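Down below is the structure, laid out as structure tokens.
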Amino acid sequence: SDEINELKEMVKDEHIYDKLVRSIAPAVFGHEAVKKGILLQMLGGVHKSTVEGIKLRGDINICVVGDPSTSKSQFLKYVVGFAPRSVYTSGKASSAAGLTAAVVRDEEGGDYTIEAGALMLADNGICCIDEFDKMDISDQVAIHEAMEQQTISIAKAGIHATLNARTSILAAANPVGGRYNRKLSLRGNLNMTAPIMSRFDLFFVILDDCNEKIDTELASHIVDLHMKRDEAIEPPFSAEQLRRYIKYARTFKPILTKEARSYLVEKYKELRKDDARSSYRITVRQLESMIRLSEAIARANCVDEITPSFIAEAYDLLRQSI
Amino acid sequence: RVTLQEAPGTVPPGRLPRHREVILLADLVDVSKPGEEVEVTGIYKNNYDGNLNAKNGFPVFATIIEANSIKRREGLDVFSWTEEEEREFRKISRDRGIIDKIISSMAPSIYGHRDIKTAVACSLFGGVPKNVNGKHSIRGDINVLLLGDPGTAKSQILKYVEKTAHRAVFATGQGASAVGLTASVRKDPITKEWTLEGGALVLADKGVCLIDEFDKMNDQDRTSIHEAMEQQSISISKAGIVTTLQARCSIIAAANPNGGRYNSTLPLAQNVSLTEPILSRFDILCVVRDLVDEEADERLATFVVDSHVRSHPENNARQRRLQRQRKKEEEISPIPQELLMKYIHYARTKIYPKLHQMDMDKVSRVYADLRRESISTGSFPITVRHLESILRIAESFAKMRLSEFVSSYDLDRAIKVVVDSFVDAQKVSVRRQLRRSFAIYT
Amino acid sequence: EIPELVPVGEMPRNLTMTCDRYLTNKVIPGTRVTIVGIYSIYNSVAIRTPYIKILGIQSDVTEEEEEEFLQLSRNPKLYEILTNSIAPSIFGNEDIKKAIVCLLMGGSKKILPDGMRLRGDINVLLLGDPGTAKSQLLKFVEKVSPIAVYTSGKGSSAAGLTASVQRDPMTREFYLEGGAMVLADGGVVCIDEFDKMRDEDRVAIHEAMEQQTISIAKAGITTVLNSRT
Amino acid sequence: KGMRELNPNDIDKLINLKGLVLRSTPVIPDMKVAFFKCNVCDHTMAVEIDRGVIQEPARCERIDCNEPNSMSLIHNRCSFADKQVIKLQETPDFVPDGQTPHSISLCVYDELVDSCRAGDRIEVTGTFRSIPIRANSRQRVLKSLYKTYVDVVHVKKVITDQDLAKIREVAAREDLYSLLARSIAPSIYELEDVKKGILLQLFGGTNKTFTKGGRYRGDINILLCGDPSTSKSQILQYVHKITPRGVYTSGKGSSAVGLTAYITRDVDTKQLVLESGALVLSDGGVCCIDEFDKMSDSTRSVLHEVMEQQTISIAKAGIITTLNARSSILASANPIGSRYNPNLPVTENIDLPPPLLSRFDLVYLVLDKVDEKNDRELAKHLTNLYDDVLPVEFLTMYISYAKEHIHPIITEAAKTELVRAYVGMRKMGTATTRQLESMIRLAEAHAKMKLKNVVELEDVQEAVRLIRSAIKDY
DNA sequence: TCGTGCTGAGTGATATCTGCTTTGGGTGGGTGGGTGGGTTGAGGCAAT
DNA sequence: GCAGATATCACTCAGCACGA
Ligand SMILES: Nc1ncnc2c1ncn2[C@@H]1O[C@H](COP(=O)(O)OP(=O)(O)OP(=O)(O)O)[C@@H](O)[C@H]1O
Ligand SMILES: Nc1ncnc2c1ncn2[C@@H]1O[C@H](COP(=O)(O)OP(=O)(O)OP(=O)(O)O)[C@@H](O)[C@H]1O
Ligand SMILES: Nc1ncnc2c1ncn2[C@@H]1O[C@H](COP(=O)(O)OP(=O)(O)O)[C@@H](O)[C@H]1O
Ligand SMILES: Nc1ncnc2c1ncn2[C@@H]1O[C@H](COP(=O)(O)OP(=O)(O)O)[C@@H](O)[C@H]1O
Ligand SMILES: [Mg+2]
Ligand SMILES: [Mg+2]
Ligand SMILES: [Mg+2]
Ligand SMILES: [Zn+2]
């Protein structure tokens, strides 16, 4: 009853959305878009199966690209230290196996068996990859079915099986060279090709722009972290409160309104027109991406119907990457 | 004796499966084969085993299930039909445009890509294998290669046909190997003599072998499939068990062009890394292209959003649920899926259409024109393999009507399919001339 | 069990058999046979290993046929009819048809007292673009010849062709097992997809056709085998 | 005695051995006193064991109950002792003509169990015993050849208040910085700034345990890139000697997997295990790399995570775990050309990606200019081989005490000017937050040297002074 | 008050008996010998 | 021919009741 009272008090506040955005990743300094993306990824989206029997994905993938020395890995470490189910992996260390189902001979047995991997232990959870670029091409294509189909099919030695890995993958990548090139396009900066980029729900490029005021603020904050230890960090919501509130929201299953459907169609048309006669950055996935983001945003406010405002906010989040 | 293991899905997240040994006595032997989902009702017995006591160090007893009945895992089988149903299929086949309904009723949740639907339906229905005095063998399977831009509803269609097909095996390019595609050797615990397992291709004989991310497979694995594509048999030599296995299955492959996108200017040769032989072996090559158009994108967005809203989890009691499910199914499909699943099996089982008499000169003229216009550089020569594919697709199309007479309409439609498949694969510069020359057929 | 009777998706089952006295050396591998015998069990929970005790062998394998063949040879267009029977279902390629006929019949053996015996067998190379029925020709050649082996170059390896040195598991002694050519001795071997075959296997085939006696005599044993093919 | 000089004459006599531990079995329980219980009267008695034989009773010792052969052994109530078997390999020096070194088995009981680890040099005193070997399990028959082994009775693995009073005296010395910088590398001549930078790496920054986030580690990374003939490798070896843990990995002699960790299997246990690579083996020490430029970028990508997160995560072939690699990195590089050309910028002369050079806390540049006096003095210094410095034995204790006890805490005066210093560094323009964190770490490390619990303005001033004058103040 | 011949009882030594292999695997070897048998397949890592 | 686990038979000893 007391926890329920606290939960309803949490919901009652009309500034919940920005409060959660501020609370996420308290150690890092003022990265609102990335924190919003992490929150929406944590909430997730509704997964559905049509009358067909084919499954529509309901998870969200986010890739944060930035120059070295920026606050990329801090977000990943926070997610690993906060999410219910999650694992941490490195691009160079990870291989095709381990990141997927592996076939190893049974202990005290002559028969082969399937050993879980990073994408299996993180079922219904968030998986973190620190250096996406450093991963080999052979290993990169390993996570192609798990990203969209959400299933892993292996036909190795007498082990014909079709496993399921319904995991959300969050990764951090460096540019092709040393620093992000403003002139070159996103695909130009990253060695990742069209399919992988299309699979990813969002892209958050972080630029270490130079400014006196924000430089002073960042220096003061980072020095305060080392001087005052933890008391210098004051999230609006404690970790336990945040993990309770997130748990509450995930039970809701929002639905779409008619005007919201028409508005979403209009925004997809706008995105396709903007990309312009092929579309390298926008595919049919992006429509489902907007749907998932809108559903997650509706979950964040604890409502069971998506108003056009949530769709507009999701479009703003998606358009930012371009 | 068989080894029963827990279903991978039922196992909690990332836990080891648990296995037992089941003993089948008289009247139950050879009732199941590896790779089946079964339900076993029997007596759970135990007995003293000295080896277990010596190993573990405690008085533990071995346990095994003495089977009393084995069943496969609505009813018993959807593919099975009754005499009453066989009368319904004949009535439906009498429909003037049944073929169009079958094509439309296939993957309705996907809006566009009608050429994909036609090709995949033809592959599912299959052809009629032919033998001539034991001297000439003609394959009846139809192979379809899917190629196009990243987001085009490619893998989902393969997943759908996996469910629809009677005996289907799904393998991904990355997660596959030749040993798992041909066979694996085991040691029999009783006779201690090496036996031989079945492979992915073998398990899908007289069915379909779906391959996703085909371009990602290694060269050796891609050679392992050359034999099954044309020879329709796999040869094995391991542990002195030299023998030949039967593999007569159709292959549907999906891949994305080399470099991540299809450059319409360049030909299909450079676009995909597959070698000329395998490319030739494919019958229908439905190249997919993702362009930008206002009206098409509006329609696609409307359909996708309607599909998403229609399938929301929120949107006798069992009979009412079935009735609403049927309402939606008829909403997107002119023919119910359940009827189509049995229709495919019945057509593949009981009907073997044959060519009685038909004006050869039509297809001969089409072949001559194809060769005349294919001499242009950058176009693969039109070998007789295209003429064979025309006949195979004609037989499959006639199978749709459950008619043992291949009429003219089916042959012209097959000509259209093959001509369009060839035309789309070529470059733009040659595409203009090819489209100009071919008007009656397309 | 016969390939036809094998149910779909299952595997051929084997059965051990025993013969004594005048029923030995009556069959060779690859011959269809009909067996009359006793289905008995010999001890090797409380199970027994089945086997068959042979009592009669009737394999599907005079002067009248000699007269018929002699009359056939008297036909004035024997060459043309034989070239017609070669791949009746494949159009054109008459020169390849005649060459395949010559290969099927082969050349007379030559032996010299000194030791230099010339080769008599014939080999042919078909090198054309896809969609030309080369594989169909090879299949027909395999079927027609009394002894033939159809092998895919990429499907097999150095062990498949020529010969490979292995070890007997039961006795643990190094022994030699022949390849496709050894199994094709005295017959014809139809190799398909010469290109995909590895270079080491290609040079092995080079030696095998050069001497027709695969020389693998080392590694615990010094045995050699003939590969006249 | 030598492992190759033990004869039958020396059986059952006290000998002294020295060797290298190769492998030790887990703890083995050895019975000391047996426990018997009568099945009839439930009477319990304890009997001793002599020469590995149980003095079992024929019948119950009670008078009223005398049922014969009714006594049973209660396995879980007998007293037990500790036993362990070790394999000792003779030192490589003793090998006469380069053959496989011999090995001798050892037995240790009670306290000496788990006293020597694998791969350690020990000196063991024990009895050179001999024991028969049974020909087969099911007979008393014995082989004529006896097994030889050693019964160990002693093992030796080869701060006082007075020292603390002595150490506290040095700290009062005004020229402590120069004394330590001159004693760390006595031989190297006129490299005071390089020595100072090297010294501050040994002390290290300050450790912080930090919930609501992640741990912050005060480890300093130094790069020594310059002209060839200058003393770079010499300093690398000198520091390698001082540090308690460290691996002298080189360029093109190490692999990506070799540095982090190698997946293998244990034959004895038949289980999947993983070994420790060069970086992991240096946990808490200072890693040393000689030829950084002559290293494929595939392996260098491993160091990205070590210098940033102080951890390595591996996920492959069913092993998903993270190994701590809390170590300092000290690498050296040589110019692309035969020498360093001042004209072109730094990013061109030394190779390495520009971003990587920013990760390093300090990046020195030592060049061998030509002069009529510097060369003269250097020649006079390197020829004498054919200004006092502290003995190394005391210096190691000094650094260990400082690293263990002291824990500086930043002050407000430090922050007030650290913000200024960082913003000024960024204003003149490469300069990123990593430079500010490096300044923090260096200021904390220097305070450790003087044994202070508060970082003062002077220490941070020295840190910033060192940073500007490393790359060099053109 | 007591001395000794008869009896049941229980070990001691000795008679027959089974067993004398046993076993999968390279820190058990090949001067123990193949009529005692051993017939993978995926994944990781150095070389390049 | 050799060692080990097992069961067989024969011999001798402490108790008992009676008679001296
Ligand atoms: N015409 C369409 N109608 C409906 N949904 C479509 C259509 N085209 C694409 N989609 C959607 O696009 C998404 C793409 O995922 P899908 O599994 O179908 O293949 P993919 O991952 O894009 O394929 P590829 O292997 O070529 O990368 C799916 O959700 C599918 O629903
Ligand atoms: N004259 C012909 N008559 C009949 N079939 C022919 C003829 N020429 C070519 N073919 C074709 O040959 C095919 C079988 O041989 P196939 O094309 O596989 O040989 P191939 O060219 O060696 O193959 P590949 O080069 O692709 O490995 C048949 O499907 C067939 O119709
Ligand atoms: N905004 C920030 N807030 C707190 N710490 C920061 C911030 N920006 C950078 N840092 C610090 O700078 C260091 C360098 O970032 P790093 O994790 O190396 O980025 P990358 O993931 O690109 O390597 C981090 O360890 C972090 O503690
Ligand atoms: N300042 C110096 N002090 C002492 N020795 C020096 C000095 N400069 C050069 N040397 C001598 O020159 C040699 C340089 O070799 P080394 O240190 O291996 O150079 P690098 O490792 O940079 O290739 C050393 O052996 C050292 O004795
Ligand atoms: Mg796909
Ligand atoms: Mg061929
Ligand atoms: Mg050096
Ligand atoms: Zn007792």
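Each chain in the structure tokens gets a letter, A, B and so on, in the order shown; residues start at 1 in every chain, and ligands are counted from 1 in the order they appear.
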
*as JSON, numbers by chain, list the residues of segment 30-275 of chain A assigned to strand (DSSP E or B) by DSSP on the backbone atoms of this structure.*
{"A": [48, 49, 55, 56, 62, 63, 64, 65, 66, 86, 87, 88, 89, 95, 98, 102, 103, 104, 105, 112, 113, 114, 115, 126, 127, 128, 129, 151, 152, 153, 154, 155, 161, 162, 163, 164, 168, 169, 170, 171, 172, 173, 202, 203, 204, 205, 206, 256]}

*Test item: residues lying within 8 Å of ligand 8 with only C-alpha atoms (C1' of nucleotides) and all ligand atoms, as a ChimeraX atom specification*: /D:37-43,59-62,64-67,70-71

*Surrounding residues as a PyMOL selection string, ligand 6, max 12 Å, only C-alpha atoms (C1' of nucleotides) and all ligand atoms*: (chain B and resi 226-227+229-231+277-278+280-281+385) or (chain C and resi 126-139+151-153+190-196)

*Test item: residues no farther than 9 Å from ligand 7, counting only C-alpha atoms (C1' of nucleotides) and all ligand atoms, as an MDAnalysis selection string*: chainID D and resid 228:234 236 290:291 332:334

Could the residues in this selection be saved with N, CA and C atoms as an mmCIF file, in the first residue's frame?
data_model
loop_
_atom_site.group_PDB
_atom_site.id
_atom_site.type_symbol
_atom_site.label_atom_id
_atom_site.label_comp_id
_atom_site.auth_asym_id
_atom_site.auth_seq_id
_atom_site.Cartn_x
_atom_site.Cartn_y
_atom_site.Cartn_z
ATOM 1 N N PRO D 228 65.954 7.585 -31.504
ATOM 2 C CA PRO D 228 66.307 6.206 -31.130
ATOM 3 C C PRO D 228 67.323 6.087 -30.002
ATOM 4 N N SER D 229 68.499 6.695 -30.163
ATOM 5 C CA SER D 229 69.606 6.412 -29.255
ATOM 6 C C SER D 229 69.363 6.896 -27.832
ATOM 7 N N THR D 230 68.357 7.733 -27.599
ATOM 8 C CA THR D 230 68.092 8.204 -26.249
ATOM 9 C C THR D 230 67.629 7.049 -25.366
ATOM 10 N N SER D 231 67.851 7.200 -24.060
ATOM 11 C CA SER D 231 67.580 6.131 -23.098
ATOM 12 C C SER D 231 66.075 6.017 -22.883
ATOM 13 N N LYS D 232 65.437 5.233 -23.750
ATOM 14 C CA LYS D 232 64.035 4.871 -23.582
ATOM 15 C C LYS D 232 63.890 3.461 -23.017
ATOM 16 N N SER D 233 64.462 2.465 -23.696
ATOM 17 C CA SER D 233 64.348 1.089 -23.221
ATOM 18 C C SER D 233 65.029 0.914 -21.870
ATOM 19 N N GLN D 234 66.113 1.656 -21.628
ATOM 20 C CA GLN D 234 66.788 1.563 -20.340
ATOM 21 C C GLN D 234 65.856 1.965 -19.206
ATOM 22 N N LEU D 236 62.628 1.838 -19.358
ATOM 23 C CA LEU D 236 61.605 0.799 -19.296
ATOM 24 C C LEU D 236 62.057 -0.357 -18.414
ATOM 25 N N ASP D 290 57.555 -1.730 -25.484
ATOM 26 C CA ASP D 290 58.781 -1.166 -26.045
ATOM 27 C C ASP D 290 58.537 -0.489 -27.391
ATOM 28 N N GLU D 291 58.055 -1.244 -28.373
ATOM 29 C CA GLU D 291 57.856 -0.750 -29.734
ATOM 30 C C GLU D 291 56.353 -0.606 -29.964
ATOM 31 N N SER D 332 56.618 3.115 -25.414
ATOM 32 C CA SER D 332 57.593 3.921 -26.131
ATOM 33 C C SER D 332 57.426 3.708 -27.629
ATOM 34 N N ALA D 333 57.744 4.748 -28.397
ATOM 35 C CA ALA D 333 57.617 4.712 -29.846
ATOM 36 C C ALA D 333 58.804 5.425 -30.472
ATOM 37 N N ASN D 334 59.081 5.088 -31.733
ATOM 38 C CA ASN D 334 60.177 5.696 -32.469
ATOM 39 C C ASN D 334 59.655 6.412 -33.711
#

*Per-residue DSSP, segment 236-453 of chain D, filtered to alpha helix (DSSP H), as a PyMOL selection string*: chain D and resi 236-242+256-260+278-281+297-309+346-349+354-359+374-383+392-404+412-427+433-449
